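Observations on the three-dimensional arrangement
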Amino acid sequence: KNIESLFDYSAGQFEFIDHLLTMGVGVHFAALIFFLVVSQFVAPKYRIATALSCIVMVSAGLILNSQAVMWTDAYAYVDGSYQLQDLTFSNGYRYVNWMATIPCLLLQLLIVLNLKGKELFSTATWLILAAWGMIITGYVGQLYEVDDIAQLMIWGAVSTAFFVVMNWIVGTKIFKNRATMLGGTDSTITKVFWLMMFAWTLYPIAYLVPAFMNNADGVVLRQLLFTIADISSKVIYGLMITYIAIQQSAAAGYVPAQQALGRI
Ligand SMILES: *C/C=C(C)/C=C/C=C(C)/C=C/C1=C(C)CCCC1(C)C
Ligand SMILES: [Br-]
Ligand SMILES: [Br-]
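Residues numbered from 1 in each chain as written, not as in the entry; some residues may be left out. Chains lettered and ligands numbered in written order. Heavy atoms only, no water.

- The name given to the chain in the PDB entry is CHLORIDE PUMPING RHODOPSIN, with the source organism recorded as Nonlabens marinus s1-08.
- Comment text from UniProt for the chain, heading Sequence similarities (unreviewed entry), reads "Belongs to the archaeal/bacterial/fungal opsin family." (UniProt positions renumbered as here; feature names shortened; annotations may be inferred.)

Shown next, in the form of structure tokens:
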């Protein structure tokens, strides 16, 4: 069903993928420790945004770990190359994980935007439906990446419509609420929008790899793109959300935030 299953891999290709996925685990778990220790400097109003970064680190780090183990289970070194054994490797589990991690990424943004009550709950609801629509339709599409490329493209067009609408809700909420933001974070949150547009677009590029690069090297490329994108969309994004949360905390008078920032 997935293109990974069609090829044998050289030692270099096989090991590089293994290292990519392992480094990703280490990066997410290292970040998790940082987000954990820094959360005591966040005011109550934003503390959940930093907690959600911890939740995303574990979720993504578990999926990467699980992908790495599945990669080594599925392939063994036989007659000069890594060849498929009885177990199967696939990217489908990443899509299932997005069902949880994308809502979390969107909720931390809504929190640092100072949204609350009814606006918060309704914005989050529409965002979560649009995200699930994107992820489900892309999940279905990738089932056809070996059997029916045309079907992969069409499901990907549907998925892209949900993506574009989700980004429009995000941009609309960022550009409208920029002005409520304290401590100069009105400037930083704009960079957050651009980081998301960039980093999230890596995923659909990766989804199209079976169409424009259907071979072992394309398999490597796809893993590399997911790694750059996971890091950018989860770790780098989380660092910027945390910075915005602490800065707004300090500007609103939360003393542990002022002292943390004071001592660096
Ligand atoms: C941390 C994981 C993140 C931020 C994953 C984001 C995933 C997407 C933006 C997926 C987008 C897709 C399309 C827009 C079309 C092709 C199918 C998808 C689901 C890869
Ligand atoms: Br507060
Ligand atoms: Br994830």
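1. Focus: the packing of aromatic side chains
- Inspection of the entire model under this criterion finds 16 aromatic pairs.
- Considering the side-chain rings of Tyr9 and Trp71, the 5.2 Å spacing of their centres and the 65° angle between planes classify their relative orientation as edge-to-face. Here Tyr9 is found in the segment before helix 1 (11-38), whereas its partner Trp71 is found in helix 2 (residues 44-74), with 62 residues between them in sequence. Per residue, the accessibility class of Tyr9 equals that of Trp71, and both read buried.
- With 5.0 Å between their ring centres and 75° between their planes, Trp71 and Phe89 make a pair best called edge-to-face. One end of the pair, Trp71, is in helix 2; the other, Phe89, is in the loop between strand 2 (81-84) and helix 3 (92-112), and 18 residues separate them in sequence.
- Given a relative accessible area of 1%, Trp71 falls into the buried group.
- Taken together, the ring pairs in this structure connect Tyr9, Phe14, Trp71, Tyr75, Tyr77, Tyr82 and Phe89 into an aromatic cluster. (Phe/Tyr/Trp six-rings, centres within 6.5 Å; stacked < 30°, edge-to-face > 60°. Helix = DSSP H or I, 4+ residues; strand = E, 2+ residues; numbered from the N terminus. Buried < 20%, exposed > 50% of the residue type's maximum accessible area, 1.4 Å probe, protein only.)

2. Considerations on the site of ligand 1
- Neighbouring ligand 1 are 15 residues, the closest being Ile102, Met134, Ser159, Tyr203 and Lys234.
- Isolated, ligand 1 exposes 530 Å² of accessible area, and the fraction of that covered by the protein chains is 100%.
- Counting atoms within 2 Å of the grid points, the majority share of ligand 1 lands in the largest pocket.
- Breaking the shell around ligand 1 down by element, the ones donating at least two residues are helix 3, helix 4 (117-142), helix 5 (149-177), helix 6 (185-207) and helix 8 (216-251).
- Counted by class, the shell around ligand 1 contains 10 nonpolar, 4 polar and 1 charged residues. (Near = heavy atom within 4 Å. Areas by Shrake-Rupley, 256 points an atom, 1.4 Å probe, with all protein chains shown as cover. 1 Å grid on protein atoms, 1.4 Å probe; cavity = no way out; pocket = protein on both sides within 12 Å on 5 of 7 lines; lining within 4 Å. Sits in = over half its atoms within 2 Å of the grid points. Nonpolar A, V, L, I, M, F, W, Y, C, P; charged D, E, K, R; others polar.)

3. A closer look at the state of the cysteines
- Taken as a whole, this structure holds 0 disulfides when the rule is applied.
- Looking at the unpaired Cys54, the closest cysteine sulfur is the one in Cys104, lying at 11 Å.
- Since its relative accessible area comes to 15%, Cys54 is described here as buried.
- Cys104 gets classed as buried once you look at its relative accessible area, which sits at 14%. (Disulfide = S-S within 2.5 Å.)

4. Here's the deal with the nonpolar core
- Counting residues in hydrophobic clusters, the biggest one holds 62 residues, and the most contacted among them are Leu106, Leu109, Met166, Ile189, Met196 and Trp200.
- Mapped by element, the contributors of at least two residues to this core are helix 1, helix 2, helix 3, helix 4, helix 5, helix 6, helix 8 and helix 9 (255-262).
- In terms of residue count, the dominant contributor to this core is helix 6 (12 residues).
- Here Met196 is in contact with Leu106, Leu109, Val170, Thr201 and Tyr237, once residues within four sequence places are set aside.
- Counting residues in each nonpolar core, the second largest holds 18 residues, with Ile17, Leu64, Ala74 and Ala216 among its members. (Core = buried A, V, L, I, M, F, W, Y, C linked by side-chain atoms within 4.5 Å. Contact = heavy atoms within 4.5 Å.)

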